[PDB]
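>>> for now just these chains, pulled out of the complex without moving them:
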Amino acid sequence: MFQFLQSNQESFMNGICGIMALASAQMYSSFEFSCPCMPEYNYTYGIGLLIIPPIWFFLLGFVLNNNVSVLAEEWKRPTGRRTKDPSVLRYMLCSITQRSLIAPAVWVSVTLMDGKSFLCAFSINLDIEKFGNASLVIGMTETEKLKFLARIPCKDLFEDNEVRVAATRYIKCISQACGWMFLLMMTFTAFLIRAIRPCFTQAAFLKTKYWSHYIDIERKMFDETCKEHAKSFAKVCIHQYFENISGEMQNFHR
Amino acid sequence: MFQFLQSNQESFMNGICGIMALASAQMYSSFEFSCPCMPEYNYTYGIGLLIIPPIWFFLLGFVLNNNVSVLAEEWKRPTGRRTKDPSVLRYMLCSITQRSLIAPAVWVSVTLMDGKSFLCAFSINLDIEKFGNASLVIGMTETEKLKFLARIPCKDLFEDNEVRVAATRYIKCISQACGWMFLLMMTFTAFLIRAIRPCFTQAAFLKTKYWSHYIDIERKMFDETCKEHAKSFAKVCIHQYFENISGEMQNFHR
Amino acid sequence: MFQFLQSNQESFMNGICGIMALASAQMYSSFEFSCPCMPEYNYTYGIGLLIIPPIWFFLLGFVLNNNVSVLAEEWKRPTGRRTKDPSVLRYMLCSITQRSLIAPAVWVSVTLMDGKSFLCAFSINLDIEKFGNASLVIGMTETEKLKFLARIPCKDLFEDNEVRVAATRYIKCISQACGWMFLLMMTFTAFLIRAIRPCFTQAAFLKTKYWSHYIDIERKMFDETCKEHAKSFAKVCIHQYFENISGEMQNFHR
Amino acid sequence: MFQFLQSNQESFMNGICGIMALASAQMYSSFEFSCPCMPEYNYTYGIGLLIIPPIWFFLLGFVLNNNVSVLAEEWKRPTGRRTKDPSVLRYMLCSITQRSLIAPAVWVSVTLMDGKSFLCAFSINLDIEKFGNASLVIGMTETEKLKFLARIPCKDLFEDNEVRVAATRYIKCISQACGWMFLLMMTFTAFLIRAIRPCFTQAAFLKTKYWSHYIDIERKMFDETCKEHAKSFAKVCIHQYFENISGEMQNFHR
Amino acid sequence: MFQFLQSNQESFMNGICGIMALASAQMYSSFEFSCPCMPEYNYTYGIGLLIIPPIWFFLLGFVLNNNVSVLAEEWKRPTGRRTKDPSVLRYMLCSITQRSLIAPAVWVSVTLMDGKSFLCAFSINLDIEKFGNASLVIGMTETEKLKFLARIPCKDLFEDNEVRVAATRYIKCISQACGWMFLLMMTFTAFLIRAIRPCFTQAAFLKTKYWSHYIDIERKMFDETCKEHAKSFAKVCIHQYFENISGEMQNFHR
Amino acid sequence: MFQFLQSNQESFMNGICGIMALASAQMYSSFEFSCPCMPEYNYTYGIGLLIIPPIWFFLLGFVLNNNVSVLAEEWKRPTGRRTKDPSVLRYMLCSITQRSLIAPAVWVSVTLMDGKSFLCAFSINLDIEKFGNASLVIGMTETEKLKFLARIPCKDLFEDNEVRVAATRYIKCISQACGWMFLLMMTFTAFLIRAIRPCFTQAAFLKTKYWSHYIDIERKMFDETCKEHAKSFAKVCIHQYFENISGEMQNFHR
């Protein structure tokens, strides 16, 4: 689902959040899921791939946002020295935080729709009599059937394909149900935020918008002012260089 | 069917509704249908994939529409304070709702034409003597033949390929019949709305159109006014910075 | 046959009719034909896929045409109040109807050239002694040979491949003959309409052309007039906002 | 052979004839040849695919040409009322007819070079002792060997692959010989027409060229004249609408 | 070897000759060589595909050249009436003929480098004791070994793959030798023509160049003169039409 | 993940660092990992591919940066002669160093997520009783089981596929855990640097920015000044050349 905003870089309302949501789901495709298939490590691997990459995509939204240093500058300065109201600083932080949650939400949704994190984390929690022969886990210890159930996420380590296919379909169904409930709760949260909060936080929104435009203007105008103060002194140095070297370029190029 | 409006971004009359209908059907292709193949869970999985993603695509149409906060602002304000007639607010809500139903309708139609939601939900409702051997479901309990019929949507869990192919073709035929009746009822509803309602709701349409143009003008004009009020104060700060630092850039760059 | 008008969006004389004929044939390719292979349902499935999608493509031509609401407005108004002659309204309706029949005609032609609708609908009408062994349908009941002949459209439900290939080639030949006779009658109808009718309905054609140009002008001029009446009042509101907030932006950004 | 004029839309001298010749040969590729492989129907199928689609491509050249209605208008009008000489009308009809024969000629040539129409139509006319065993058609009736020879165009209905390959190569050779003689006669006819006729029909060519330019000018100038007469009356209606509604937009947007 | 002048339409000195040489070799690739593999017909098929398509590509160069009608006009007119010198007419004919020989030469060269025309035409002329077993053509009649050697161009009609591969490599070697000698003689002929003839036919070259530029100027200037004489009379007719119909458009659109 | 900044060369804030991070990960894909599968060399190969290419990508960032020669010029010059403050030189070096660490960090992350460097380096550290038969490493010497465990990274040198797949999944899990902890520590380091340091090193940042703009201005202005001093002397030499040679070009070209 990449060609849509790729061929339409106009449907955005912020650009870096659409790129990072695209990058979050493409990084899920490129990641090679390697469940340990051991009963000690399956839970932390499967749940860690649902928890740790969203934390990293969230921090990466703060690192890539170029207003977090200016906001950290204002919060470090003492009260009275601060040129901003505390509601404008709180609104600014809330704006950065809400755009930094898109790529974590994209990761959690592709992970739950794919079903592999639940298959790795919850295959030792199965009740295997619902899936095939009952004569599988008889004759085993409690320890040995935990090792048996832990190998269900691995095709080339689990030999009974019928029990593996039935247990994989059952867990991927529950994972897709959690993925649709996650999408539905986060979109209904997005609906209440985009309907109730602009009825409540107004003119902090207008001060934060003037603050954001002032930063982009101040950065650009400082760049072209440095360039015109360079062109004054660089013209002085270049012309003074050729005062002497063209005295040599007389005999050297004529 | 994606290259048509992809190479022709002129045949639209709204852009976000054509993108979301494209995204709805592409998300159906990317979704990996995983029927549980258990008689307790097949119905809720198959009917839930026909009900829950249309609800989510409907809410996503409200979240992506940038006039729902302005409409929620007007409805929250008391009567007398409201600058709008109640017919203009009702017409505005009806406009957002009708464009938010395109991507749900695209989902329901691709789901019924594909046939997998009916195959998952209705395979325990089959009468299997119409499809193959009669000696399949003899010798089974009522419980055991419900488990037998529940595995029909799964190729690698159902062994009799002739009975599976015959039952799959029968249910996919009924699903395609419901998909064509759904398309035909929703297009005939679209015909009656686009023929009778502009004979009845006129000049609310013209007030809602002026309201929509006024919002896009007010947002843009506020953006460029913030930028020109930034350029005044940013020019002051940059010039005052180089008053002192060019006093240092004397010895530092000459 | 899609790249031709795709790379040449100049050979048209109307754009939406070329897109919908392209979309009609691409939707035939994307549709997965699933004959029930049951003698009760084969006829209605095969003939329903030849009848019902053309009705839907015809209604979709009325829904996508933006002059059907203006025409419905004029017909609803009483005689005397109507600003148009009844011949101009009849000519207008005939213009919309003739362009709405292109995508139904494209569907019927690809369906008859493919041959699957006739194979599904007419395989129980076969005389199977023309195709293979005569010892197939002996020893069967009349009911059982109807079930035998109904499975001919299904490769994985019909076991005698020689009889299936011979019966499929016979019916696809007759379907292609009906497809060429359908194309030839509809093109000869198109020839008589585009030769005799502009000798008979003239100056209703010129009034309907002025009517169509007047609609596109009135819609566009209403859009830019709403935008310039927005820019007056939006400039008032934005300037009055910064009268007070720049009084705060004194201490807040200097 | 499509990328040539596709990437060079300058080598034309008429555009619709190059597109329809491209469309004629692409429609041959998309058509799935389905010989009946029955001795009653093979001739009419094979010769019908050589005769009927050229008739349809010829009529389609008349339907797509936008001067056939203006020519039909002039021929319907009585003598004396006709503003044109009869030689200009005859030259005009000959011009449309000659461009409408390109796509029929492309169809006949790809059909004869492919060889399938001759293979279907003429396989019961074979003398099968030239191709393999002589012991094939002994022990058969005259009726049964006609059914045997009719299945030669069908790989999956004819079992002796050596006799089938030899008979297919013999008939495809004769079909390619007829295809090269057809191309050579039609190109030599094109040479005599483009060398002798502009020595004989001159200044009817110049009157027909002025007639064709006059039509394209009259259609375009009528379109922009309708648009400027629309813009007069549409400006009146829009300005009169906002006389009253801006009286409401006082309190409604200030 | 198509992308070179496809991506560089500047390396030409005439455009239609580069397109037809490209089309000649692409038509060789698209042509399905079907040797009869019969000793009566192999020679005429193999040598006919080396002779007949070059004659057709040569005539097609005369048909596509738009100066052959103007040259045929001048030659038909009597001496004294002719406005041209006979050397200018002879030079003009020689110019058209030399550009019309490029696509025949491309056909002959791809046909000889591919080797199939010599393999078909000359396989009954082989001496098969140079290629495999000597015990192949003993026990055969002179008639039967001619049928045996005629099937060498056909993989699926000749069973001894070692003798077929050895005889195919021998004949394709001789065909490639004739193809390189053909290329070398035609390029050395092209060298002598482009070196000796512009030393001999000069100022007929300059009169023929002025003649060619005069034709392209006269055709274009006649086209725009017809269009400006159309715009005079079309403006008269359109304005006179709206004199009466705007008298009706008073009540009809106000 | 290459098409994102490839189709969007605007989301950058420096260009060479985005290219080198892209080149670092593409060089990982192109590198063919060839573990020695010997217990003496596996550790240094696997850990060397995690250490040595980041050192090389770090040095390559210094070589490709065009300000390291100007900074080396300033540091070589004695104190008092230096036109820059030591804080501006330290800030400049820190700026080059931080951008030169992106491609090393990309290499370490793709190497740990792929898992092959840990599989090569740590397969002799395994405890193989956790993975398959216990009867594998009995009957072996301590030397021989080190050779046995060293061949685990090699599919075609290790025969027990079940033990190899289980040991590969265990080590790739630990490698992906180290890769996520590495990404999380380096992004949290990037967060603290981009939040705390612009609160501490300011106006060295502004002097280093003026220094960087001054270099790009001085290089460009020296280039165009050399070109205009060339055009003076080149015009002299060319005109003086044709003073004599046009005296020869009189008789030579007239």
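Arrived safely, thanks for sending. Residues are numbered from 1 along each chain as shown, chains lettered A, B, ... in the order given.

>>> only C-alpha atoms, please: export stretch A:197-206 in CSV.
C-alpha atoms of stretch A:197-206 as CSV (Å, rounded to 0.1, in the frame of the first residue of the first chain):
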residue,chain,number,x,y,z
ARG,A,197,-10.1,19.1,21.6
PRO,A,198,-10.4,21.8,18.9
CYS,A,199,-13.5,22.9,20.8
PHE,A,200,-11.4,23.2,24.0
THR,A,201,-7.7,24.1,23.1
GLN,A,202,-8.1,27.1,20.7
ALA,A,203,-5.8,30.1,20.4
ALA,A,204,-3.1,27.9,22.0
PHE,A,205,-3.4,26.2,18.6
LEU,A,206,-3.0,29.6,16.9
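
>>> can you list contacts of that stretch?
Residues from elsewhere that reach stretch A:197-206 (Cβ atoms under 8 Å, 6 or more residues apart in numbering or on different chains): A:85, A:87-88, A:90-91, B:69, B:72-73, B:76, B:222, C:241, C:245. All C-beta atoms are positioned from the backbone trio N, CA, C, and that covers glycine.

>>> show me where the stretch 101-250 of chain A has strands.
Remark: no strands are assigned in the stretch 101-250 of chain A by DSSP state E, counting those that start in this stretch.

>>> with the structure above as the base, add chain G:
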Amino acid sequence: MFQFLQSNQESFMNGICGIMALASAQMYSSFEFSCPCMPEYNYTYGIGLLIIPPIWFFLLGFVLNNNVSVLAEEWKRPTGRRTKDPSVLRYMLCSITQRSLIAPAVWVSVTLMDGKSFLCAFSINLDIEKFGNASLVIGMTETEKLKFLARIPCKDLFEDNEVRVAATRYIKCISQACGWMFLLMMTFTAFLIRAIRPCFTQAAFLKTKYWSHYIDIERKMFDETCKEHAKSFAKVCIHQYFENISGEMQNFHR
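Putting chain G onto the chains we already have gives this:
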């Protein structure tokens, strides 16, 4: 190696020589090498493909160069009549010859690096005891082992794959060694020509450059002068044509 100058048509210093070197190596790829695998013909086929196509690419460089007719004109004219010095004519011929040797050198290099011409020409010169069994060529005549060794370039005519692979690798190694020595001698020749000769042939280079610019100017200025002398006389003829025909177009188009 085609996309480089294909996407960069700026790195050239002549265009036709880069195209012909590209065409020389692409023609090597398209050529199907067909060694006769006979001891009488292998040498002349293998060495002929190394000699004859370079001669043809050399002549093709003279045919495509548009200055060889002007140079042949000057050499044909007698001494005294010649407007050029003999050193300028010799320099001009040397310039055309050196650019015409690029495509021959590209052919020889791809042919020696591929190794097939040496494999065909030199396989009867092998000493086959270095490559496999010694019992191969015992029991054979001197004539029969020449036929045995001649079939080494043919995979499907030589049965011992180990001896064939060893002999092919040995000869392709020697061919690649000759290809690298050929590249190294021709590049060192190119170095001495581009270093010593512009120290020796100067101002013949400047006269030949003025001669080449004079030809391109004289051809273009003759083309536009013919076009403006056409536009004078074509305007006369077109206006005089419509003097009479607009007398008819009075009644014919009003």
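
>>> just checking, residue A:246 touches residue F:232?
No - with contact defined as Cβ atoms under 8 Å, residue A:246 and residue F:232 do not form a contacting pair (9.5 Å).

>>> pick out whichever of the two has more residues nearby.
Neighbour count, other Cβ atoms under 10 Å in any protein chain shown: between residue A:246 and residue F:232, residue A:246 has more, with 14 against 10.

>>> excluding its backbone neighbours, what's nearest the more buried one?
residue F:229 (6.7 Å; Cβ to Cβ, 6 or more residues apart in numbering or on different chains).

>>> so who does the one residue in the stretch 51-200 of chain A that gets nearest to chain G touch?
Closest to chain G within the stretch 51-200 of chain A is residue A:64: 32.1 Å, counting by Cβ to the nearest Cβ. Neighbouring residues of residue A:64 by Cβ under 8 Å, 6+ apart: A:16, A:20.

>>> also residue A:222?
B:238, B:241, F:206, F:209.

>>> what of residue A:155?
Contacts of residue A:155 (Cβ under 8 Å, 6+ apart): A:161, A:164.

>>> append chain H to the structure above:
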Amino acid sequence: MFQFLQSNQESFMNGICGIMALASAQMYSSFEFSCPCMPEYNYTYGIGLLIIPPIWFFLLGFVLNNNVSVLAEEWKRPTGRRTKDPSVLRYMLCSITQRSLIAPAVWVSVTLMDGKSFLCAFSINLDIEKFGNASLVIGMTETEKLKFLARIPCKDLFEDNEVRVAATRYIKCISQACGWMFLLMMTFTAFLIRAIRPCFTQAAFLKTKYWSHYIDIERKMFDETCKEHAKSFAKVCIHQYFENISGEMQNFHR
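That brings us to chain H, laid onto the chains above:
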């Protein structure tokens, strides 16, 4: 790794060196490595492919550089006649030499990372008891085991796949270690040259830059001066030609 500078022809600082490094690595991919697999020739083939193509890419950098003739002109001229200082000539030669070493360094690095040159050159230096059975090279002569070890680079000449895979991985590891040490030494050499030498050779750099700009200006200004001196004399010749021929074009084109 080609699309990077292919889609970004701006990241360069010289263009021909980036193209030749791209061409060096693409020529490595296109080269078919053919180890002789003979103990006399393996070393010179494997080490020759590491030595000889870098020498050729180095000379090709001198041939393609258009300043080596101007530098050779200055060095040939006697002292006193030389218009340049000897430090400017030495700096110029060092500039050409350093850019001509990029494509040799790219070749050596891809050759060492691929590992085939070390596999060919060093497989007779192996100690084969480290890799498989010890019973391989017993029963062989010293001569015969050299022939046995020489066939390790050839898959289809070495039969023990386990010993071949183990020996190939060992040598490719050592080759990749030498490739990383080569990259690291050449990049650290590039670091010391780009840091220490612009602190030492300055104003020879500025004279060599003015020299390079003067050459590009003098070549271009000589080209346009030849063209304007052509246009003077070509206008004279063309106008004088039509003085006489338009006297003939009176009767010939009127």
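
>>> how about chain A: which residue is closest to chain H?
For chain A, Cβ to the nearest Cβ, closest residue to chain H: residue A:252, 5.5 Å.

>>> what about that residue, how many residues close to it?
When neighbours are counted by other Cβ under 10 Å, residue A:252 comes out with 18.

>>> roughly how far apart are it and residue F:119?
Relative to residue F:119, residue A:252 is positioned 64 Å away (Cβ to Cβ, to the nearest Å).

>>> all helices for the stretch 1-150 of chain A, in order.
Applying DSSP state H, counting those that start in this stretch to the stretch 1-150 of chain A gives helices spanning A:3-7, A:15-30, A:42-64, A:68-76, A:86-99, A:102-114, A:116-122, A:142-149.

>>> next, format the ones you listed as TSV and append distance to residue H:80.
Formatted as TSV, the helices of the stretch 1-150 of chain A follow (distance: least, Cβ to Cβ, whole Å):
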stretch	distance to residue H:80
helix A:3-7	66
helix A:15-30	65
helix A:42-64	64
helix A:68-76	63
helix A:86-99	72
helix A:102-114	72
helix A:116-122	81
helix A:142-149	91
